[PDB]
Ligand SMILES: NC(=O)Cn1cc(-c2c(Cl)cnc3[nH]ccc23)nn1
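Heads up, the chain below is alone and in the form deposited without the ligand; it's given as structure tokens.
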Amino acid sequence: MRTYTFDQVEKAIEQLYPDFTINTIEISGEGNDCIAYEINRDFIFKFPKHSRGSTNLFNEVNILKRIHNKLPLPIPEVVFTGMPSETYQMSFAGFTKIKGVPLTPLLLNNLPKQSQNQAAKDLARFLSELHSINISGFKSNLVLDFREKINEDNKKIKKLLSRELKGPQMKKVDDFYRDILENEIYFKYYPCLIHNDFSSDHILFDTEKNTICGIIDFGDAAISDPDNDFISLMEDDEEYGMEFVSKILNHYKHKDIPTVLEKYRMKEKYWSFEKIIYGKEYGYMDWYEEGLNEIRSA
């Protein structure tokens, strides 16, 4: 977990962009992978906090260059790039700022119905076009096969928790994985390009027009199940809930809604294990401790 000063930020940019004068700078945001700085109040510069987050950022830059004029909404436009080292695949990236605020569930629910419905329509169109992008050209590395992922997660959890769980608890963990892996519905899909972190904090909104004006944070994008981009919005607490996503599904012409509901339900059940595994890979020990404690009360 690297941190940066404004000076280190400026120096790093100046080396590669000497003719770009920096007038203003301040932290605009911070995620699990990068800190973001607002330079000149007209450009968002992401710096990785660790190597994994830099690989994320490298992925983001590379996907955005392939899809930059293929979508019905604005997306982050890469303007500045950093360099690789032995530690980071990309030392930083600078993007054009997209004005707007996140379309939070609270904001969405306070909109006139007609504007809510237009938001579901515009999200559907964006997903339908995104999931229809021809991926024949793309890197095969981007393919995230869900059956391989779940099998690998089972092995990681065994590896992580072998000495933390009593034998009968570990058997029950093994049962859970074995059960998930015998259900074909989770692993039979037609892979396409997916945003893969398609949640409300990555949907920007223009409160003057009451319309969606951007989709951001493509660092998790990959070629996997397109249903991923609906289930990320179905959570009642931090996301839009079932009523609204069912509007999105209807505009998208989804043919198998009860499968999306089944995938959401399993994902919800899977969260304790995602916290254990993501906790360790992204070095968040509280995520890891909380999931481990959920499992001991399974």
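A residue's number is simply how far along the shown sequence it sits, counting from 1. Throughout, rigid core stands for the largest set of C-alpha atoms superposing within 1.5 Å between the two forms. Only residues modelled in both forms are compared.
One more form of this protein, solved in complex with the ligand, exists but is not displayed; see below.
Undergrad: Quick check on this chain: with the ligand placed from its pose in the deposited complex by superposing the site C-alphas, is the site open or blocked (blocked meaning at least 3 ligand atoms within 2.4 Å of backbone or C-beta)?
TA: With the ligand superposed from its pose in the deposited complex, the site reads as open.
Undergrad: My question is simply whether residue 95 lines the interface with the ligand in the deposited complex - judged by any non-hydrogen atom within 4.5 Å.
TA: Residue 95: yes, in contact with the ligand in the deposited complex.
Undergrad: Evaluate residue 31 for contact with the ligand in the deposited complex, applying a 4.5 angstroms cut-off between non-hydrogen atoms, and reply yes or no.
TA: Yes, residue 31 sits close enough to the ligand in the deposited complex that at least one of its heavy atoms falls within 4.5 Å.
Undergrad: May I ask you to check whether residue 76 falls inside a 4.5 Å heavy atom distance of the ligand in the deposited complex?
TA: Residue 76 belongs to the contact set for the ligand.
Undergrad: Under a 4.5 Å heavy atom criterion, is residue 217 part of the interface with the ligand in the deposited complex?
TA: Yes, residue 217 lies within 4.5 Å of the ligand in the deposited complex.
Undergrad: Which of these stretches, 79 to 87, 127 to 135, 95 to 103, 113 to 121, has heavy atoms within 4.5 Å of the ligand in the deposited complex?
TA: Of the options given, it is 95 to 103.
Undergrad: Which residue among 150, 165, 204, 222 has a heavy atom within 4.5 angstroms of the ligand in the deposited complex?
TA: If I apply the 4.5 Å criterion carefully, the residue I get is 204.
Undergrad: Among 36, 61, 260, 266, which has at least one heavy atom within 4.5 Å of the ligand in the deposited complex?
TA: Spelling it out, the residue with a heavy atom inside the cut-off is 36.
Undergrad: Are there runs of at least three residues between this form and the one not shown whose C-alphas all move 2 Å or more relative to the rigid core, and where are they?
TA: Only one moving run appears between this form and the one not shown, namely 280 to 285.
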